[PDB]
Amino acid sequence: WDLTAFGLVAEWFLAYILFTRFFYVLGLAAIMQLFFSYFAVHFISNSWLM
Amino acid sequence: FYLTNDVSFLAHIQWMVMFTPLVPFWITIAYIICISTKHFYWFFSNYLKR
Amino acid sequence: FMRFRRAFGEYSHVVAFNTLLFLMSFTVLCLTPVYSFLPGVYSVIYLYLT
Amino acid sequence: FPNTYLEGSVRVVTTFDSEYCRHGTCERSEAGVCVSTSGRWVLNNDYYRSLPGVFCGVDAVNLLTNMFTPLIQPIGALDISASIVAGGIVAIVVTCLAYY
């Protein structure tokens, strides 16, 4: 058996329990990573800085 | 060239950040060659020359 | 390790120069599948530079 | 099919303005001259003048002049072949400056 997902869920739950002002910036980073991984390709062209 | 290295590094970083996306490639390669010749000479002298 | 370090300096002059040649050969090999004339001219220029 | 000036590893094709087609799919191509470093199919239509190793132009002189078009393109157009393009400019610049 494997239980990595349960461990990650427990980590996220314990993070939500220990709520601070800086949880929102981490949630924003996570959702941005998910969004970029989900679509990507479409709106990336030129602009090596981007 | 007529600046101290302490501000020269910041000037080079700012120029590379800002003017890069709107300049021809050969200008950038000439800039890189002119900046890196002073270290290419030292590297060639100390690790390649005879 | 000290004996090997002392002995290495005699062949270091060839070892350092070999790296650039290996990198160029690897780049040419990587660029082969698109420009299928490069291995011919590259061989001639390699022999000329040798 | 259009007329082929050379055949083999290096292929040179000249086409008129017509919907050239073969077994498979059909597309319209503008009149001109096309040359590819590989024996792959080549056309003057869009989506064909984007692939690596494919050169095109209105005429023989126009194609030769347009061969240098990526050289005046802003940086961030080549990924693997950027090294040889950079070297071809670096060598010319360093020679023409440092000697002459």
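Residues numbered from 1 in each chain as written, not as in the entry; some residues may be left out. Chains lettered and ligands numbered in written order. Part of a larger assembly, values for the part shown. Heavy atoms only, no water.

This entry, as listed in the PDB, derives from cryo-EM and reports a resolution of 4.2 Å.

J.: So what about the overall build of chain C? Which residues, and what values?
T.: For chain C, the count of helices and strands is two helices and zero strands. Its C-alpha atoms give chain C a radius of gyration of 16 Å, more than 25% over the compact-globule value 10 Å for 50 residues. Seen along its three principal axes, the alpha-carbon backbone of chain C occupies a region of about 45 × 20 × 10 Å. Evaluated residue by residue, chain C yields a buried proportion of 8% over its 50 residues. Accessible area for chain C stands at about 4,700 Å²; split by element, carbon and sulfur atoms hold 74% of it. (Helix = DSSP H or I, 4+ residues; strand = E, 2+ residues; numbered from the N terminus. Rg over C-alpha atoms; globule rule 2.2 N^0.38 Å. Buried < 20%, exposed > 50% of the residue type's maximum accessible area, 1.4 Å probe, protein only. Areas by Shrake-Rupley, 256 points an atom, 1.4 Å probe, with all protein chains shown as cover.)

J.: Give a detailed account of the overall build of chain D, specifying residues and quantitative values.
T.: Along chain D, the regular secondary structure elements total two helices and four strands. Taken over the C-alpha atoms alone, chain D extends approximately 55 × 25 × 25 Å along its principal axes. In chain D, which comprises 100 residues, the share counted as buried stands at 25%. Once local pairs closer than 6 in sequence are excluded, the contacts in chain D between residues at least 24 apart make up 20%. When the 5 basic and 8 acidic side-chain charges of chain D are each reduced to a single mean position, those positions are 5 Å apart. (Contact = heavy atoms within 4.5 Å. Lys, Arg positive; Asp, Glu negative; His and termini not counted. Charge placed at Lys NZ, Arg CZ, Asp CG, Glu CD.)

J.: Outline the interface of chain B and chain D, listing residues and values.
T.: With seven residues of chain B at the contact, the number on the chain D side is seven residues. Buried surface at the junction of chain B and chain D, both sides included, amounts to about 790 Å², of which 85% is carbon and sulfur. By the criterion of area lost to chain D, the three top residues of chain B are B:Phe25, B:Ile29 and B:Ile33, representing 60% of everything that side buries. Linking chain B to chain D there are zero salt bridges. Summed over the shared surface of chain B and chain D, the number is zero residue pairs in polar contact. Taken together, the residues of the side of chain B that touches chain D sort by class into six nonpolar, one polar and no charged. (Buried area = accessible area lost by both parts, 1.4 Å probe. Salt bridge = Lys/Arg side-chain N within 4 Å of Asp/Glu carboxyl O. Polar contact = N/O pair within 3.5 Å; in protein donor to acceptor, adjacent residues only side chain to side chain. Nonpolar A, V, L, I, M, F, W, Y, C, P; charged D, E, K, R; others polar.)

J.: Quick one: what's the story with the state of the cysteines, residue by residue and with numbers?
T.: For the coordinates displayed, the defined rule picks out one disulfide over all chains. The disulfide partner of D:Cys21 is D:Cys26, and the gap between their sulfur atoms is 2.0 Å. Here the S-S torsion is close to -70°, and the disulfide linking D:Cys21 with D:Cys26 is therefore left-handed. Exposure remark for D:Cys26: the relative accessible area of 52% places this residue in the exposed category. Free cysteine D:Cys56: the closest other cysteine sulfur is in D:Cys34, separated by 3.6 Å. In this structure D:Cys56 comes out as buried when scored by relative accessible area, which is 12%. As a non-bridged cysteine, D:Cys96 has B:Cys34 as the owner of its nearest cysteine sulfur, 13 Å distant. (Disulfide = S-S within 2.5 Å.)

J.: Lay out the pattern of salt bridges in plain terms, naming residues and giving numbers.
T.: All names here are of chain D. One pass over the structure, following the stated rule, counts three salt bridges over all chains. For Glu7, the salt bridge is made with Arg11, and the minimal N-O distance between the two is 2.9 Å. Exposure remark for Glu7: the relative accessible area of 57% places this residue in the exposed category. Here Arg11 falls in the buried class, since its relative accessible area comes to 15%. Between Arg28 and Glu19 there is a salt bridge, with the nearest N and O atoms lying 3.6 Å from each other. The two residues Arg28 and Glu19 agree in class, both being exposed. Several salt bridges share partner residues, and in doing so they unite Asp17, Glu19 and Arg28 into one network.

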